[PDB]
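**Student:** Residue numbers (the authors' numbering): 2 to 202, 223 to 289.
Below you will find the structure I want to go over with you.
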């Protein structure tokens, strides 16, 4: 039978940072890792809501403030993390109206990609194992617009703005792994997606979290992408991705644009 969270190995003495959107996916991911002995740091905008949930979870789930829509908050949060083993870039918003962050970014690319990009570059020197970035089947129709990433001069689409961000999550993962390998780092960059819940179509959160938990725990090659066998549903395994997600030139160009927008750089 397929792998499930019941098969998780011990995380005793290991620290996992998880970005959250005070939604089910993040909560279950934290819950299952804490049950296996992890020290979990849940990084969320609304810490009152986060703490009310975390305080009844078995194991160690700490709540800290992070606003992925404010690069100054990203920086303050990162500077407070003395070290971690695993970083899980899980928080996301999906198919929302047009809006800008504090830093002037379109909110989906700004939250789902750029804030995670900055966070990851700031934590990398103090990480020991891996980065897992959560994407979506919605990446498939996505396209990176390097000239107008923030939808300033082109009609907005809630879903295509989601898709751009989800494609960015994959291109981020590929280019991060290329850079880690070139630096001789033992760190890996991996991705996961939750299946049907984060697409245009308790139980849903468990199924989605399973995918992330497999990516966070298994001995996978760098730049693996984990999800359900048939995209929306199916057993957890390494899965494929779009042709645009496999464009190494675009991954490298997007990285450069992302460094310029966030004023962070690859530090290794």
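Note that the Cβ used here is the ideal one computed from N, Cα and C, for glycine as well.
#1: In angstroms with no decimal places, state the Cα-to-Cα distance between residue 35 and residue 57.
#2: What residue does the alpha helix (DSSP H) around residue 75 start on, and which one ends it?
#3: Can you give the Cα-Cα distance for residue 96 and residue 184, rounded to whole angstroms?
#4: For the ligand PLP, is there a heavy atom less than 7 Å away from the beta-carbon of residue 271?
#5: Within the same chain, show all residues whose beta-carbon is closer than 8 Å to that of residue 11, passing over the 5 residues directly before and after it, in chain order.
#6: Residues in the same chain with beta-carbon distance under 7 Å from residue 125, minus the five sequence neighbours each way, listed in chain order, please.
#7: Does the count of Cβ pairs from the segment 69 to 79 and the segment 87 to 107 closer than 8 Å reach three?
#8: Could you spell out the range, first to last residue, of the alpha helix (DSSP H) harbouring residue 146?
#9: Going straight from the alpha carbon of residue 276 to that of residue 173, what length do you get?
#10: Relative to the alpha-carbon of residue 246, which residue among 197, 146, 136 and 155 has its alpha-carbon at the smallest distance?
#11: Under 8 Å between the Cβ atoms of residue 92 and residue 2?
#12: Based on the DSSP secondary-structure assignment, which residues constitute the bridge partners of residue 43?
#13: Can you tell me the Cα-Cα spacing of residue 142 and residue 149, whole angstroms?
#14: Please report how far the alpha carbon of residue 7 lies from the alpha carbon of residue 233, in whole angstroms.
#15: Given that a residue counts as buried once 16 or more other Cβ atoms are within 10 Å of its Cβ, and exposed if not, what is residue 196?
#16: Out of curiosity, what's the CA-to-CA distance linking residue 61 and residue 99?
#17: Please classify residue 285 as buried or exposed, where buried requires at least 16 other C-beta atoms within 10 Å of its C-beta.
#18: Could you spell out the range, first to last residue, of the alpha helix (DSSP H) harbouring residue 173?
#19: By a C-beta neighbour count over all protein chains shown, 10 Å radius and 16 as the cutoff for buried, is residue 50 buried or exposed?
#20: Distance check for residue 118 and residue 155, CA to CA, integer angstroms please.
**Tutor:** Reading it off the structure:
#1: 12 Å
#2: 72 to 80
#3: 36 Å
#4: What this structure holds is no ligand at all, so the ligand PLP is not there to describe.
#5: 37 and 38
#6: 288 and 289
#7: yes
#8: Taken as a continuous stretch (DSSP letters only), residue 146 belongs to no alpha helix (DSSP H), as it is neither H nor E.
#9: 7 Å
#10: 136
#11: no
#12: 19 and 64
#13: 17 Å
#14: 14 Å
#15: buried
#16: 37 Å
#17: buried
#18: 159 to 183
#19: exposed
#20: 24 Å
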